[PDB]
Amino acid sequence: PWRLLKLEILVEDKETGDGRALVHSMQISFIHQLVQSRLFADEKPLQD
Amino acid sequence: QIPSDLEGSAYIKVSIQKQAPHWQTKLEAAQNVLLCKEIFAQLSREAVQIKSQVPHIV
């Protein structure tokens with residue numbers, strides 16, 4: 001299977017997010033686990 | 001610890017064209033950023049809401 005070495009979110013607005021990142025690394029790591037799990041589901045993986 | 005949204009430096013820039021002590025520096029810069037945000041909020045609200053001759057674009 002595939003490993004998800006680094007996931008990053010490029011969506012940014014430096015005003016709504018109060019001069020900080022839009023998504024904290026906690027939530028990015030959560031999505032990292034979720035997409036790693038659905039990679040381990042072993043379908044056609046890249047579409048999912 | 002300064003609030004985020006107040007870091008960096010900001011300044012109002014006004015132009016005319018024919019076209020279409022360590023902590024002291026930090027706290028002064030953040031206070032200046034706060035006042036520039038206050039100024040521009042006042043200006044943009046008066047531009048949008050107050051009816052004036054030859055209206056503006058914000």
# chains A, B, ... in the order shown; residues from 1 in each chain; ligands from 1
>>> select_by_dssp(residues="chain A", states="helix (DSSP H, G or I)", output="PyMOL selection string")
chain A and resi 25-40
>>> interface_residues(of="chain A", to="chain B", cutoff="12 Å", atoms="only C-alpha atoms", output="MDAnalysis selection string")
chainID A and resid 13:21
>>> atom_distance(atom1="CA of residue 16 (chain B)", atom2="CA of residue 40 (chain B)")
17.6 Å
>>> residues_around(residues="region 24-27 of chain A", least_positions_apart="4", cutoff="12 Å", atoms="only C-alpha atoms", output="JSON, numbers by chain")
{"A": [6, 7, 8, 9, 17, 20, 31, 32, 33, 34]}
>>> write_last_selection(atoms="N, CA and C atoms", output="short mmCIF file (atom, residue, chain, number, x, y, z; two decimals), in the first residue's frame")
data_model
loop_
_atom_site.label_atom_id
_atom_site.label_comp_id
_atom_site.auth_asym_id
_atom_site.auth_seq_id
_atom_site.Cartn_x
_atom_site.Cartn_y
_atom_site.Cartn_z
N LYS A 6 3.59 13.25 3.75
CA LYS A 6 3.27 14.61 4.14
C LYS A 6 2.01 15.08 3.43
N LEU A 7 1.03 15.50 4.22
CA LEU A 7 -0.22 16.07 3.73
C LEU A 7 -0.26 17.52 4.18
N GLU A 8 -0.67 18.41 3.28
CA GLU A 8 -0.67 19.83 3.55
C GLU A 8 -1.90 20.46 2.90
N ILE A 9 -2.44 21.49 3.52
CA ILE A 9 -3.61 22.18 3.00
C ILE A 9 -3.18 23.56 2.54
N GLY A 17 -8.82 33.16 9.48
CA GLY A 17 -7.77 32.69 10.36
C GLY A 17 -6.90 33.87 10.76
N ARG A 20 -3.01 33.31 11.40
CA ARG A 20 -2.42 32.02 11.69
C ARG A 20 -2.92 31.06 10.62
N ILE A 31 -6.71 14.02 9.54
CA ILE A 31 -7.02 13.70 8.15
C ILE A 31 -5.95 12.78 7.57
N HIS A 32 -4.72 12.91 8.06
CA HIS A 32 -3.65 11.99 7.69
C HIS A 32 -3.99 10.56 8.10
N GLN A 33 -4.48 10.38 9.33
CA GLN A 33 -4.90 9.04 9.74
C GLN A 33 -6.10 8.54 8.95
N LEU A 34 -7.04 9.42 8.62
CA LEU A 34 -8.25 8.97 7.94
C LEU A 34 -7.94 8.54 6.50
#
>>> residues_around(residues="region 45-48 of chain A", least_positions_apart="6", cutoff="9 Å", atoms="only C-alpha atoms", output="mmCIF file with N, CA and C atoms, in the first residue's frame")
data_model
loop_
_atom_site.group_PDB
_atom_site.id
_atom_site.type_symbol
_atom_site.label_atom_id
_atom_site.label_comp_id
_atom_site.auth_asym_id
_atom_site.auth_seq_id
_atom_site.Cartn_x
_atom_site.Cartn_y
_atom_site.Cartn_z
ATOM 1 N N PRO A 1 0.823 -1.208 0.000
ATOM 2 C CA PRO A 1 0.000 0.000 0.000
ATOM 3 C C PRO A 1 0.855 1.255 0.000
ATOM 4 N N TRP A 2 0.175 2.388 0.059
ATOM 5 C CA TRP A 2 0.848 3.668 -0.029
ATOM 6 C C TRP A 2 0.998 4.286 1.352
ATOM 7 N N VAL A 35 -7.119 9.323 5.808
ATOM 8 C CA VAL A 35 -6.783 8.974 4.437
ATOM 9 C C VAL A 35 -5.804 7.807 4.416
ATOM 10 N N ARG A 38 -8.138 4.828 4.716
ATOM 11 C CA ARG A 38 -8.802 4.526 3.459
ATOM 12 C C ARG A 38 -7.830 4.123 2.354
ATOM 13 N N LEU A 39 -6.536 4.409 2.508
ATOM 14 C CA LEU A 39 -5.538 3.752 1.674
ATOM 15 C C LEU A 39 -5.395 2.290 2.049
#
>>> residues_around(residues="residue 31 (chain B)", least_positions_apart="2", cutoff="12 Å", atoms="only C-alpha atoms", output="PDB file with N, CA, C and O atoms, in the first residue's frame")
ATOM      1  N   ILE B   2       2.115  38.544  22.109  1.00  0.00           N
ATOM      2  CA  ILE B   2       1.217  39.402  21.336  1.00  0.00           C
ATOM      3  C   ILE B   2       0.107  38.537  20.755  1.00  0.00           C
ATOM      4  O   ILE B   2       0.350  37.351  20.479  1.00  0.00           O
ATOM      5  N   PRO B   3      -1.117  39.039  20.614  1.00  0.00           N
ATOM      6  CA  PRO B   3      -2.116  38.309  19.834  1.00  0.00           C
ATOM      7  C   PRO B   3      -1.672  38.145  18.396  1.00  0.00           C
ATOM      8  O   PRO B   3      -1.065  39.045  17.811  1.00  0.00           O
ATOM      9  N   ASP B   5      -2.684  38.255  14.577  1.00  0.00           N
ATOM     10  CA  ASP B   5      -3.573  39.234  13.886  1.00  0.00           C
ATOM     11  C   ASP B   5      -3.025  40.629  14.215  1.00  0.00           C
ATOM     12  O   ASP B   5      -3.528  41.607  13.628  1.00  0.00           O
ATOM     13  N   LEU B   6      -2.015  40.712  15.098  1.00  0.00           N
ATOM     14  CA  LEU B   6      -1.391  41.983  15.409  1.00  0.00           C
ATOM     15  C   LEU B   6       0.107  41.955  15.198  1.00  0.00           C
ATOM     16  O   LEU B   6       0.781  42.943  15.487  1.00  0.00           O
ATOM     17  N   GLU B   7       0.644  40.847  14.717  1.00  0.00           N
ATOM     18  CA  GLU B   7       2.069  40.776  14.482  1.00  0.00           C
ATOM     19  C   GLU B   7       2.410  41.393  13.135  1.00  0.00           C
ATOM     20  O   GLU B   7       1.536  41.735  12.340  1.00  0.00           O
ATOM     21  N   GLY B   8       3.694  41.524  12.879  1.00  0.00           N
ATOM     22  CA  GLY B   8       4.132  42.167  11.667  1.00  0.00           C
ATOM     23  C   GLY B   8       4.033  43.666  11.793  1.00  0.00           C
ATOM     24  O   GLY B   8       3.884  44.225  12.878  1.00  0.00           O
ATOM     25  N   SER B   9       4.113  44.327  10.649  1.00  0.00           N
ATOM     26  CA  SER B   9       4.034  45.774  10.593  1.00  0.00           C
ATOM     27  C   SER B   9       3.000  46.158   9.557  1.00  0.00           C
ATOM     28  O   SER B   9       2.849  45.470   8.545  1.00  0.00           O
ATOM     29  N   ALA B  10       2.280  47.233   9.812  1.00  0.00           N
ATOM     30  CA  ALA B  10       1.263  47.704   8.890  1.00  0.00           C
ATOM     31  C   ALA B  10       1.352  49.209   8.819  1.00  0.00           C
ATOM     32  O   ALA B  10       1.770  49.849   9.786  1.00  0.00           O
ATOM     33  N   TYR B  11       0.967  49.770   7.683  1.00  0.00           N
ATOM     34  CA  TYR B  11       0.903  51.211   7.528  1.00  0.00           C
ATOM     35  C   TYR B  11      -0.073  51.573   6.424  1.00  0.00           C
ATOM     36  O   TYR B  11      -0.238  50.819   5.462  1.00  0.00           O
ATOM     37  N   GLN B  24       9.527  46.495  23.999  1.00  0.00           N
ATOM     38  CA  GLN B  24       9.021  47.817  23.651  1.00  0.00           C
ATOM     39  C   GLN B  24       8.755  47.920  22.161  1.00  0.00           C
ATOM     40  O   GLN B  24       7.719  48.447  21.739  1.00  0.00           O
ATOM     41  N   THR B  25       9.661  47.370  21.354  1.00  0.00           N
ATOM     42  CA  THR B  25       9.508  47.391  19.908  1.00  0.00           C
ATOM     43  C   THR B  25       8.309  46.566  19.475  1.00  0.00           C
ATOM     44  O   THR B  25       7.502  47.009  18.646  1.00  0.00           O
ATOM     45  N   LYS B  26       8.157  45.378  20.063  1.00  0.00           N
ATOM     46  CA  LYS B  26       7.048  44.492  19.734  1.00  0.00           C
ATOM     47  C   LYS B  26       5.711  45.119  20.078  1.00  0.00           C
ATOM     48  O   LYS B  26       4.777  45.102  19.266  1.00  0.00           O
ATOM     49  N   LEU B  27       5.613  45.711  21.265  1.00  0.00           N
ATOM     50  CA  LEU B  27       4.334  46.258  21.691  1.00  0.00           C
ATOM     51  C   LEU B  27       3.994  47.536  20.940  1.00  0.00           C
ATOM     52  O   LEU B  27       2.824  47.768  20.613  1.00  0.00           O
ATOM     53  N   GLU B  28       5.002  48.348  20.608  1.00  0.00           N
ATOM     54  CA  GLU B  28       4.752  49.531  19.793  1.00  0.00           C
ATOM     55  C   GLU B  28       4.301  49.153  18.392  1.00  0.00           C
ATOM     56  O   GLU B  28       3.377  49.769  17.850  1.00  0.00           O
ATOM     57  N   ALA B  29       4.923  48.128  17.802  1.00  0.00           N
ATOM     58  CA  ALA B  29       4.545  47.707  16.459  1.00  0.00           C
ATOM     59  C   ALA B  29       3.142  47.121  16.438  1.00  0.00           C
ATOM     60  O   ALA B  29       2.364  47.401  15.517  1.00  0.00           O
ATOM     61  N   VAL B  33      -0.163  48.562  14.487  1.00  0.00           N
ATOM     62  CA  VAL B  33      -0.980  47.737  13.607  1.00  0.00           C
ATOM     63  C   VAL B  33      -2.445  47.842  13.990  1.00  0.00           C
ATOM     64  O   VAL B  33      -3.322  47.964  13.122  1.00  0.00           O
ATOM     65  N   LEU B  34      -2.723  47.863  15.292  1.00  0.00           N
ATOM     66  CA  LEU B  34      -4.095  48.001  15.765  1.00  0.00           C
ATOM     67  C   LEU B  34      -4.697  49.337  15.358  1.00  0.00           C
ATOM     68  O   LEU B  34      -5.860  49.405  14.939  1.00  0.00           O
ATOM     69  N   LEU B  35      -3.912  50.407  15.432  1.00  0.00           N
ATOM     70  CA  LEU B  35      -4.451  51.706  15.062  1.00  0.00           C
ATOM     71  C   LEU B  35      -4.652  51.821  13.558  1.00  0.00           C
ATOM     72  O   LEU B  35      -5.611  52.457  13.108  1.00  0.00           O
ATOM     73  N   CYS B  36      -3.780  51.200  12.762  1.00  0.00           N
ATOM     74  CA  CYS B  36      -3.991  51.221  11.315  1.00  0.00           C
ATOM     75  C   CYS B  36      -5.229  50.435  10.924  1.00  0.00           C
ATOM     76  O   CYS B  36      -5.968  50.841  10.015  1.00  0.00           O
ATOM     77  N   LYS B  37      -5.505  49.332  11.623  1.00  0.00           N
ATOM     78  CA  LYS B  37      -6.737  48.598  11.365  1.00  0.00           C
ATOM     79  C   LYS B  37      -7.957  49.413  11.761  1.00  0.00           C
ATOM     80  O   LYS B  37      -8.979  49.374  11.069  1.00  0.00           O
ATOM     81  N   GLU B  38      -7.852  50.172  12.853  1.00  0.00           N
ATOM     82  CA  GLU B  38      -8.940  51.049  13.267  1.00  0.00           C
ATOM     83  C   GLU B  38      -9.225  52.111  12.218  1.00  0.00           C
ATOM     84  O   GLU B  38     -10.390  52.359  11.866  1.00  0.00           O
TER      85      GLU B  38
END
>>> atom_distance(atom1="CA of residue 49 (chain B)", atom2="CA of residue 12 (chain A)")
28.7 Å
>>> atom_distance(atom1="CA of residue 22 (chain A)", atom2="CA of residue 37 (chain A)")
23.7 Å
